[PDB]
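A single chain, nothing else alongside it, follows as structure tokens in the form deposited in one PDB entry.
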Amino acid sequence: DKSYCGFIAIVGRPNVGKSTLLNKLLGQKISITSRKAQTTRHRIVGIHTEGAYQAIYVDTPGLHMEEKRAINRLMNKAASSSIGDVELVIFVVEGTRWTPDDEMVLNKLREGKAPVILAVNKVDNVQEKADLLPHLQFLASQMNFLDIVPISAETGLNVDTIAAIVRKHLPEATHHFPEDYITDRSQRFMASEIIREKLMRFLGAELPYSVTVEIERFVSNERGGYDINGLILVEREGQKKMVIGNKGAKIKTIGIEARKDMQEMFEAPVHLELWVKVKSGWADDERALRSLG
């Protein structure tokens, strides 16, 4: 009748789909990505809190004192307040690709005490579904995995399977964090949050699943103001038009409101541009439209 809270690492070389899977695990209808991907002192990438379960996702396999201290700062807690250890490692790879980078990551998991799960991502993207079996057996001989589960972070295929395992490894404990805590204080992130919020405000009942927001460009001008490029991404074409809305008024208003809330929070000028793109490729009219004024 009490609670569970713990640290779950998500690891794997760049591009295997770590952030994509993280987002499917957080389960927000609108998600945020960042093609900049930078390293923080506390290594928290996201927090999933549902009922009595709080999963704290990090991007290092093990937490070292410097980092527990950074995590305590983030929460504004006395630096000697206790912090547990990574309880489960999600090792992520893509389809049947296997490189020395993949191995460098593996090397640091045996170095640890925590059980490792092997999430074979981009499974949807495998050419000959045959190649899989032999590869998986080769993968399995690399170390004792608690489990091996092929997934598509994009589709959601098997991600619930990862979730359920994660829940199982949360030690009994009080939650560290408040339910909706901001772990990324960067202005760049704050811009995303505002767009996501305006999307949720104005789309209402029509707003689909799997929308993601992303800030392609964040700069300060000479005028001590700001220039921001926002990119809103949707699964299918029909959705792209609900976002733009009848006569382009929907995306027009969203932009106006977001640029407003943005100027207020940044106490500075803001020029905001917003693009709606369908994940699977731009388009002919759109690409040619992109490179303009």
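Rigid core (definition): largest C-alpha set, two forms, superposition within 1.5 Å. Residues that one form lacks are left out of the comparison. From 1 onward, residues are counted along the sequence shown.
The next section is about a form of this same protein that is not shown, the form deposited in another entry.
Only one of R217, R97, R223, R201 crosses a C-alpha shift of 2 angstroms between the shown form and the other one, counting 2 angstroms or more, core aligned. Which residue?
One residue passes the 2 Å cut-off, namely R223.
Can we say the CA of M65 moves by at least 2 Å between the shown form and the other one when the core is superposed?
Superposed on the core, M65 moves its C-alpha less than 2 Å between the shown form and the other one.
Please say whether, between the shown form and the other one, the C-alpha of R41 moves by 2 Å or more once the core is aligned.
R41 C-alpha, core-superposed: shift of less than 2 Å.
Closer or farther: how do the Cα atoms of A37 and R201 compare in the other entry relative to this form, given a change of at least 3 Å?
It is farther: in the other entry, the C-alpha atoms of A37 and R201 lie at least 3 Å more apart than they do here.
Which way does the C-alpha gap of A37 and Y209 go in the other entry, closer or farther, given it changes by 3 angstroms or more?
Farther is correct, given that in the other entry the C-alpha spacing of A37 to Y209 is increased by at least 3 Å.
Only counting residues present in both forms, give the runs of 3 or more in a row whose C-alpha shift is 2 Å or more between the shown form and the other one, core aligned.
Runs found: 34-38, 221-224, listed by sequence.
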